[PDB]
Amino acid sequence: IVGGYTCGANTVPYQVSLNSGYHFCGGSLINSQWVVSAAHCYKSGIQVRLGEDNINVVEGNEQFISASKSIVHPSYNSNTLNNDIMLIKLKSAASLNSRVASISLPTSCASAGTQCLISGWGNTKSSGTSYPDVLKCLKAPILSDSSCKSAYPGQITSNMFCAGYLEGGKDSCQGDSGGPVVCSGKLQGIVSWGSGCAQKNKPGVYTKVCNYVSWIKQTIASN
Ligand SMILES: N=C(N)c1ccc(/C=N/NC(=O)c2cccnc2)cc1
Ligand SMILES: [Ca+2]
């Protein structure tokens, strides 16, 4: 997260870190046994780390649970990043409390202008590279589909939306991938892609979660 702020320990209780010997992506806990992330985060040997603040220090509220299975969206295209969504099932149910909690799925899509909270342990610099240890947060508005398409001609599908600031300076970034965009208490987005980070006229692009609620529910129901 570039141009954001320190969230505060466990203030984002649905935020997970996907770990394969090191943090490599974010994710969102959607019930005691399932995490939503980006398909581009797919890999084998994932351990899901819940209740994290400092990802380099055991602070007392963590739950580390191995993934038992991953399901990349059936229509994920790694070249276009269309349908950039994946489900991860935990080997055991997380113990849910104030600091480890699921986030509600949307029942309708969000509109341009809605404010959202975007969070992660990704790069904090738009030019250089600095990775934080504690969770970073950014409040950002959803942008109109027309401005999103104008920013990224030929690249924005009906399964994507832009959020952030066309002036630059405030954005998600590398390492935030797969993490949450939460708007009025609902998971509306997943950190997906962008050209650089916090660049002028290049806002963040997010997977449009409301399009996938049907697939998520039915997938969970049979797995
Ligand atoms: N501007 C955003 N909101 C944004 C931009 C980019 C990303 C993702 N980056 N990932 C990388 O660079 C990368 C990752 C692994 C290997 N090689 C390169 C997320 C958000
Ligand atoms: Ca920790």
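Rules and cut-offs
Residues numbered from 1 in each chain as written, not as in the entry; some residues may be left out. Chains lettered and ligands numbered in written order. Heavy atoms only, no water. Domains from an automatic or database assignment. Contact = heavy atoms within 4.5 Å. Buried area = accessible area lost by both parts, 1.4 Å probe. Salt bridge = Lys/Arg side-chain N within 4 Å of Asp/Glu carboxyl O. Helix = DSSP H or I, 4+ residues; strand = E, 2+ residues; numbered from the N terminus. Nonpolar A, V, L, I, M, F, W, Y, C, P; charged D, E, K, R; others polar. Disulfide = S-S within 2.5 Å. Buried < 20%, exposed > 50% of the residue type's maximum accessible area, 1.4 Å probe, protein only. Pairing = 2+ DSSP bridges. Axes fitted to C-alpha atoms, helices over the stretch in contact; angles between N-to-C directions. Core = buried A, V, L, I, M, F, W, Y, C linked by side-chain atoms within 4.5 Å. UniProt positions renumbered as here; feature names shortened; annotations may be inferred.

Engineer: What is the right way to look at the domain arrangement of the protein chain in this model?
Structural biologist: The parts lose accessible area when they come together, and the size of an interface is often stated as this lost area. One can read the domain layout of the protein chain as domain 1 (1-12 + 103-210) and domain 2 (13-102 + 211-222). One C-alpha centre belongs to domain 1, the other to domain 2, and the line joining them spans 17 Å. Each partner contributes to the interface: domain 1 provides 37 residues, whereas domain 2 provides 38 residues. When the area that domain 1 buries against domain 2 is broken down by residue, the three leading residues are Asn 10, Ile 103 and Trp 121, summing to 25%. At the junction of domain 1 with domain 2, the criterion picks out zero salt bridges. Within the residue set of the side of domain 1 that touches domain 2, elements represented by two or more residues are β8 (115-120), β11 (180-183), β12 (186-193) and β13 (204-208). Looking at the side of domain 1 that touches domain 2, its residues break down into 19 nonpolar, 15 polar and three charged.

Engineer: When you look at the state of the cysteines in this model, what are you seeing that I'm missing?
Structural biologist: Formally, a disulfide is one covalent bond, and it connects the sulfur atom of one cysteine to the sulfur atom of another. Evaluation of the coordinates by the stated rule reveals six disulfides. Here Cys 109 pairs with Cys 210 through a disulfide, and the sulfurs are 2.0 Å apart. A torsion of 95 degrees about the S-S bond marks the disulfide between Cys 109 and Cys 210 as right-handed. Within this pair, whereas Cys 109 is found in the loop between β7 (86-90) and β8, its partner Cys 210 is found in the loop between β13 and α2 (213-221), the two being separated by 101 residues in sequence. A relative accessible area of 38% means that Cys 109 is categorised as partly exposed. Through a disulfide, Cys 148 is tied to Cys 162; the S-S separation comes to 2.0 Å. Judged by the sign of its S-S torsion, about 70 degrees, the bond between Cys 148 and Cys 162 is right-handed.

Engineer: Looking at this structure, I do not really get the pairing of strand β10 (residues 160-163). What am I missing?
Structural biologist: Sheet faces and side chains relate simply in a regular strand, where the side chains alternate between the two faces. Side chains of β10 alternate between two faces, with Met 160 and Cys 162 and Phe 161 and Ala 163 buried alike. Sheet analysis places β10 next to β13, joined by four bridges and oriented antiparallel. In the sheet register, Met 160 faces β13, and the bridge partner there is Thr 207.

Engineer: I would appreciate a short explanation of the sheet that holds strand β6 (residues 63-72) in the present structure.
Structural biologist: Two pairing modes exist for strands in a sheet, parallel and antiparallel, and in both the strands are linked by backbone hydrogen bonds. Reading around the circumference, β2-β3-β4-β7-β6-β5 is the order of the six strands in this closed barrel, with antiparallel pairing throughout. Each strand axis lies, on average, 40 degrees off the axis of its neighbour in the sheet, ignoring direction. Two strands pair when backbone bridges link them, and strand β5 (residues 47-50) and β6 are joined in this way by four bridges, in the antiparallel orientation. Looking at the pairing, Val 48 lines up with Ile 65 of β6.

Engineer: Sorry, what's going on with the nonpolar core here?
Structural biologist: The tendency in soluble globular proteins is for nonpolar side chains to be buried side by side. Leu 18, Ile 30, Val 48, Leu 50 and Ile 216 are the most contacted members of the largest nonpolar core, which totals 43 residues. Those elements that provide at least two residues to this core are β2 (15-19), β3 (23-31), β4 (34-37), β5, β6, β7, β12 and α2. When residues of this core are sorted by domain, at least three fall in each of domain 1 (1-12 + 103-210) and domain 2 (13-102 + 211-222). Not counting chain neighbours up to four residues away, the residues in contact with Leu 18 comprise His 23, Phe 24, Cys 25, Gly 26, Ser 37, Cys 41, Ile 46, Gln 47, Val 48 and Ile 88.

Engineer: It is not clear to me how the UniProt feature "binding site: substrate" in the protein chain should be interpreted in this structure. Could you clarify?
Structural biologist: The UniProt record annotates "binding site: substrate" at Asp 171, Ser 172, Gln 174, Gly 175 and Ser 177. Owing to a relative accessible area of 55%, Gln 174 belongs among the exposed residues under this scheme. Discounting residues that sit within four places of it in the chain, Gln 174 has contacts with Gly 122, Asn 123, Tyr 131 and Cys 197. Within the secondary structure, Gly 175 sits in the loop between β10 and β11. Excluding residues that lie within four positions of it along the chain, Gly 175 makes contacts with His 23, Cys 25, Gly 26, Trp 121 and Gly 122.

Engineer: Help me understand the UniProt feature "domain: Peptidase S1" in the protein chain, please; the structure alone is not making it clear to me.
Structural biologist: Listed under "domain: Peptidase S1" in the UniProt record, and renumbered for this structure, are residues 1-221. End C-alpha to end C-alpha, residues 1-221 measures 34 Å, and it is 7% helix and 33% strand.

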